Amino acid sequence: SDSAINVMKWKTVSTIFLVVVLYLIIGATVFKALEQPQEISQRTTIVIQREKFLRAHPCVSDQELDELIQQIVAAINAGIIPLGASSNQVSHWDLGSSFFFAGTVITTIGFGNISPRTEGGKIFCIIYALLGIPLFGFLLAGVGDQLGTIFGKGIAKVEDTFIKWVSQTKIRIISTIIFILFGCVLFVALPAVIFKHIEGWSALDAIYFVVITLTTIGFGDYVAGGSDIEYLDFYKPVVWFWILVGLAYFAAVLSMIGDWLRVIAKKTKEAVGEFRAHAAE
Amino acid sequence: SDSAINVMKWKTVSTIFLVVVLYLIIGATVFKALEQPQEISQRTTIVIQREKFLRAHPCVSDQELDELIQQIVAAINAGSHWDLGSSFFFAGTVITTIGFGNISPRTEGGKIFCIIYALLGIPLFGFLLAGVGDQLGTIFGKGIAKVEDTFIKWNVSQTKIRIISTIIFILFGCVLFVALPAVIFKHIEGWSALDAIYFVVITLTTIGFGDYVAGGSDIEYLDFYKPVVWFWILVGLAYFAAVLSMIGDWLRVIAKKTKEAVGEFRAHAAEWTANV
Ligand SMILES: CCCCCCCCCCCCC/C=C/[C@@H](O)[C@H](CO)NC(=O)CCCCCCCCCCCCCCC
Ligand SMILES: CS(=O)(=O)Nc1ccc(C(=O)NCc2ccc(Cl)cc2Cl)cc1
Ligand SMILES: CS(=O)(=O)Nc1ccc(C(=O)NCc2ccc(Cl)cc2Cl)cc1
Ligand SMILES: CCCCCCCCCCCCCCCC
Ligand SMILES: CCCCCCCCCCCC
Ligand SMILES: CCCCC
Ligand SMILES: [K+]
Ligand SMILES: [K+]
Ligand SMILES: [K+]
Ligand SMILES: [K+]
């Protein structure tokens, strides 16, 4: 009976699919409820700014203003500061930023503030990713090991002193609490504070950055080291180390959250069974 | 001896670290060599466009222009981007961790929800993508059961045909999940042949720079186009998930072969030098 389990597998996958379909629909409406208003409030107030310089300079062709703005937004994607009060310009592909870029490729964070424009840069980025992503995986896995065996020494000491008048499978709950607590301190809270001061971000923007980065979603709306401001350069190599170990942390956390879903799915799969079997007495 | 194994583990991690460090250094110089010139060529030709626009339109003064550009930079920070469909797109970019970033939350509440929506959505999507990987894998197992029957009754036998099977996987795999979609993006999006394959890899490896996004431009899209792209991603991600893992195991083998090749080079230099 090889096809027997396969019929049972397709049933499980199809239900998860429809859950994901419905989870996206929920998220979709939640986001547009949150972001549609600010969008329209800013599109109406950008047309207010539009006609303030549409008719304050009629001697501009007025179809070429909207083509001008295309030419600025097209060139802003490579990163430009097209100003006369600042015509000397730092490079986005210097010795360090191309090193940053390679990191965003193999980690699959891919902020996208810096992206290749040359046809050769694209072809190499394709080759660099298909080899670098697996290569980086072994590093991140070994970092997960070393970081995990450090925590194993930490709970060996703590699961010794909390042995008062003790069960085996319930202290596992205490160990997962100290993991998430210490974890969010070293890899979420403490770094976000540093980004708040050094980058100038808000308290929310920093934690937003930490999560979007270490989950490798990497929108790129916020990037550490993205400005010119000062950058001690004590700063940036520490952020590399943060990513290396912070990615290893969310790797476990996200896997823990996955197992929680497994349990919640089991509890709710049987709750529907109990709901049926009772059906109002 | 518990710390004896741990020293063997840290030495394994440290060497891989130094490989990744040096792999980044190689890549860094290679991209800088590739992209530093385009940067200068476009920085010089954007200043040409700037001082061209003051002369070809004396109407505008040098002082008005700096004001306009701040107002465009202000609007780049926002741009419908959040209509019924694009917010659905957005949630997809979150759970898949592709995160193109062409659309990103600006409201403080949208950020807080995106944090919560990801921490629960990313594991949830993993199970879907894992199940898609299973079903897709058992389909191809039916395919090799057929093909490992017709080739294996004749010319050269086992332990080398497993190499032939993985070639068929990668060959037809790149057909269904890289080549055939990239052709569709070339026509429908208007991209180049390179840009489409560039998109396919950046997207399905979940790097997702966001420089190229299918459905991101303002073009008429057939009602079947975007939902097929979802299905593509769902199954295309499952494809590179295996492909990247195959490439990982290749490196494992290559690491073993090169780790002993160094041992051979040393062992010859050893008793070639004992020859006095
Ligand atoms: C596209 C960017 C090019 C990146 C090229 C990086 C290759 C670096 C040179 C390979 C040797 C690394 C240093 C020596 C390590 C050995 O002492 C050690 C065993 O003792 N090997 C390993 O740890 C295991 C290491 C084995 C990993 C091999 C990586 C495969 C890269 C394939 C790229 C082919 C292009 C060839 C261009 C030269
Ligand atoms: C806007 S810029 O690109 O032109 N300037 C720079 C931008 C960023 C960095 C940098 O190292 N940030 C830390 C870091 C490291 C690795 C990874 Cl993967 C992600 C991150 Cl955030 C350096 C220069
Ligand atoms: C300015 S815009 O908001 O309108 N740009 C858009 C870009 C793409 C889409 C869309 O549906 N793409 C298919 C798709 C599905 C899931 C995933 Cl994860 C990725 C992708 Cl590309 C919608 C809008
Ligand atoms: C942040 C949004 C959370 C959305 C949670 C959706 C919960 C969906 C529950 C579906 C229950 C299906 C029961 C099937 C059991 C056979
Ligand atoms: C058309 C340009 C393609 C460039 C990709 C070739 C890269 C060669 C590898 C360099 C090894 C150091
Ligand atoms: C049939 C393969 C799906 C992508 C077009
Ligand atoms: K990204
Ligand atoms: K990713
Ligand atoms: K991005
Ligand atoms: K990403």
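Residues numbered from 1 in each chain as written, not as in the entry; some residues may be left out. Chains lettered and ligands numbered in written order. Heavy atoms only, no water. Residues with missing side-chain atoms left out of burial classes, pairs and counts.

Structure determination for this PDB entry is given in the record as X-ray crystallography, at a resolution of 3.4 Å.

Draft legend 1. Just the overall build of chain B, in detail. The helix and strand tally for chain B stands at seven helices and zero strands. Beginning at the N terminus, the succession of helices and strands in chain B can be written as α-α-α-α-α-α-α. For chain B, whose C-alpha radius of gyration is 26 Å, the value lies well above the compact-globule estimate of 19 Å for 276 residues. Taken along its principal axes, the extent of the C-alpha atoms in chain B is 85 × 60 × 45 Å. Counting across all 276 residues of chain B, residues that qualify as buried make up 36%. Accessible area for chain B stands at about 16,000 Å²; split by element, carbon and sulfur atoms hold 68% of it. Positive and negative side-chain charges of chain B, numbering 21 and 23 respectively, have mean locations separated by a distance of 11 Å. (Helix = DSSP H or I, 4+ residues; strand = E, 2+ residues; numbered from the N terminus. Rg over C-alpha atoms; globule rule 2.2 N^0.38 Å. Buried < 20%, exposed > 50% of the residue type's maximum accessible area, 1.4 Å probe, protein only. Areas by Shrake-Rupley, 256 points an atom, 1.4 Å probe, with all protein chains shown as cover. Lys, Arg positive; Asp, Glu negative; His and termini not counted. Charge placed at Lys NZ, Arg CZ, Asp CG, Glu CD.)

Draft legend 2. Representation of the coordination of the potassium ion (ligand 8) in the model. With distances of 2.8 to 3.2 Å, the protein atoms coordinating the potassium ion (ligand 8) are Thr108 of chain A (O), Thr216 of chain A (O), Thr216 of chain A (OG1), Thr97 of chain B (O), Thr206 of chain B (O) and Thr206 of chain B (OG1). Taken together, the six donor atoms coordinating the potassium ion (ligand 8) and their angles of 59 to 160° define a geometry best described as irregular. Here the potassium ion (ligand 10) and the potassium ion (ligand 8) are spaced 3.6 Å from one another, each receiving a donor from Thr108 of chain A. Of the two residues, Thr216 of chain A is situated in the loop between α6 (203–214) and α7 (235–278) and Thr97 of chain B in the loop between α3 (86–95) and α4 (108–150); the pairing between them involves two chains. Judged by its relative accessible area of 15%, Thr216 of chain A is buried. (Donors = N, O, S within 2.8 Å, 3.2 Å for Na, K, Ca; no water. Tetrahedral: all angles 85-135°; square planar, octahedral: opposite > 155°, others 65-115°.)

Draft legend 3. Structural context of the UniProt feature "intramembrane region" in chain B. Residues and elements named next belong to chain B. Mapped onto this structure's residue numbering, the UniProt feature "intramembrane region" falls at residues 84–110 and 193–223. The span residues 84–110 shows a helical share of 48% and a strand share of 0%, and its end C-alpha atoms are spaced 16 Å apart. When the span residues 193–223 is considered, its composition is 39% helix and 0% strand, and the gap between its end C-alpha atoms is 24 Å. (UniProt positions renumbered as here; feature names shortened; annotations may be inferred.)

Draft legend 4. Broad picture of the pattern of salt bridges. Within the structure shown, the criterion is met by 10 salt bridges over all chains. With a shortest N-O distance of 3.2 Å, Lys9 of chain A and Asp134 of chain B are connected by a salt bridge. Residue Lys9 of chain A is found in helix α1 (residues 2–54), and its partner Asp134 of chain B is found in helix α4; the two belong to separate chains. (Salt bridge = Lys/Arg side-chain N within 4 Å of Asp/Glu carboxyl O.)

Draft legend 5. Representation of the nonpolar core within the structure. Counting 106 residues, the largest nonpolar core has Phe195 of chain A together with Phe185 of chain B as its most contacted members. The biggest single contributor to this core is α7 of chain A, with 14 residues. If we skip the residues at most four places from it in the chain, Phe185 of chain B touches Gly190, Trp191, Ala196, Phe199, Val200, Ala214, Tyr225, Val229 and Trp232 of chain B. Among the nonpolar cores identified, the runner-up in size contains 14 residues, and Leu68 and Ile72 of chain A together with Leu65 and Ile69 of chain B belong to it. (Core = buried A, V, L, I, M, F, W, Y, C linked by side-chain atoms within 4.5 Å. Contact = heavy atoms within 4.5 Å.)

Draft legend 6. Quick look at the environment of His268 of chain B. Here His268 of chain B shows up in helix α7 (residues 225–273). A polar side-chain atom of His268 of chain B sits 2.7 Å from the main-chain carbonyl oxygen of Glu264 of chain B. (Polar contact = N/O pair within 3.5 Å; in protein donor to acceptor, adjacent residues only side chain to side chain.)

Draft legend 7. Looking closely at the packing of helix α5 (residues 168–199) of chain A against α7 of chain A. Residue and element names in this part refer to chain A. α7 packs onto α5 with a crossing angle of 145° between their chain directions and a minimal axis gap of 11 Å. Handedness of the α5/α7 crossing: left-handed. Seen from α5, the contacting residues are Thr176, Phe179, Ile180, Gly183, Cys184, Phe187, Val188, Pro191, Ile194, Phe195, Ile198 and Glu199; seen from α7, they are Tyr235, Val239, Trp242, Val245, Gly246, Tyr249, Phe250, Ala252, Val253, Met256 and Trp260. In terms of residue class, the contact of α5 with α7 is built from 19 nonpolar, three polar and one charged. (Axes fitted to C-alpha atoms, helices over the stretch in contact; angles between N-to-C directions. Left-handed = near helix turned anticlockwise from the far one by under 90°. Nonpolar A, V, L, I, M, F, W, Y, C, P; charged D, E, K, R; others polar.)

Draft legend 8. Layout of the coordination of the potassium ion (ligand 7). Listed as protein donors to the potassium ion (ligand 7) are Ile109 of chain A (O), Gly110 of chain A (O), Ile217 of chain A (O), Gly218 of chain A (O), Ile98 of chain B (O), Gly99 of chain B (O), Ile207 of chain B (O) and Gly208 of chain B (O); their distances from the metal cover 2.7 to 2.9 Å. Here the potassium ion (ligand 9) and the potassium ion (ligand 7) are spaced 3.1 Å from one another, each receiving a donor from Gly110 of chain A. Remark: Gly208 of chain B occurs in the loop between α6 (193–204) and α7 and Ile217 of chain A occurs in the loop between α6 and α7; the pair is interchain, linking two chains. Overall, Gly208 of chain B belongs to the buried group, its relative accessible area being 0%.

Draft legend 9. Quick look at the site of ligand 2. Residues and elements named next belong to chain A. Around ligand 2 there are 16 residues in total, and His92, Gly103, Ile114, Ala224 and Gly225 lie nearest to it. Between ligand 2 and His92, the relevant distance is 3.0 Å, taken from an oxygen atom to a side-chain nitrogen or oxygen of the residue. Within the contact set of ligand 2, a nitrogen atom lies 3.3 Å away from a side-chain nitrogen or oxygen of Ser97. Contact with the protein chains removes 94% of the 560 Å² of surface that ligand 2 exposes when unbound. Put simply, the parts of the chain that give the shell around ligand 2 at least two residues each are α3 (97–106) and α7. Here the residues of the shell around ligand 2 sort into seven nonpolar, eight polar and one charged. (Near = heavy atom within 4 Å.)

Draft legend 10. Structural context of the UniProt feature "binding site: K(+) 1" in chain A. The positions that UniProt labels "binding site: K(+) 1" are, in the present scheme, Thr108, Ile109, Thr216 and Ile217 of chain A. Looking at the element boundaries, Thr108 of chain A is found in the loop between α3 and α4 (119–161). Summarising the element assignment, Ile109 of chain A is placed in the loop between α3 and α4. For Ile109 of chain A, a relative accessible area of 2% puts it in the buried group. Ignoring any residue separated from it by four or fewer positions in sequence, one finds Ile109 of chain A in contact with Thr104, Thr213, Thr216, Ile217, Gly218, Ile243 and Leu247 of chain A together with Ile207 of chain B.

Draft legend 11. Looking closely at the packing of aromatic side chains. One pass over the full model with this rule turns up 48 aromatic pairs over all chains. Ring plane angle 45° and centroid distance 4.8 Å describe the contact between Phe99 of chain A and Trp240 of chain A, whose orientation is recorded as tilted. Ring geometry for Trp191 of chain B and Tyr212 of chain B: centres 5.5 Å apart, planes at 25°, overall stacked. Placement of the pair is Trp191 of chain B in the loop between α5 (161–189) and α6 and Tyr212 of chain B in the loop between α6 and α7, with a sequence separation of 21 residues. Owing to a relative accessible area of 15%, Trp191 of chain B belongs among the buried residues under this scheme. Residue classification places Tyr212 of chain B among the partly exposed positions, given a relative accessible area of 21%. Among the aromatic residues, those joined into a cluster by ring pairs are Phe100, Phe111, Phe195, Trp201, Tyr208, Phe209, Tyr222, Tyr231, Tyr235 and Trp242 of chain A. Sitting over the face of the ring of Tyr198 of chain B, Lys122 of chain A holds its NZ or CZ atom 5.6 Å from the ring centroid. (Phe/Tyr/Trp six-rings, centres within 6.5 Å; stacked < 30°, edge-to-face > 60°. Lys NZ or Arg CZ within 6 Å of the ring centre and 35° of its normal.)

Draft legend 12. Highlighting a nonpolar patch on the surface. Residues and elements named next belong to chain B. Together, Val147, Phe151, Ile163, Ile164, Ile167, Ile168, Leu171, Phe172, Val175 and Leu176 give the surface a local cluster of nonpolar side chains, amounting to about 880 Å² of exposed area. When residues in the nonpolar patch are grouped by element, the largest group, eight residues, is from α5. Examined against the element boundaries, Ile167 turns out to sit in helix α5. (Patch = residues over 30% accessible without salt bridge, like charges linked within 9 Å, V, L, I, M, F, W, Y side chains within 5 Å.)

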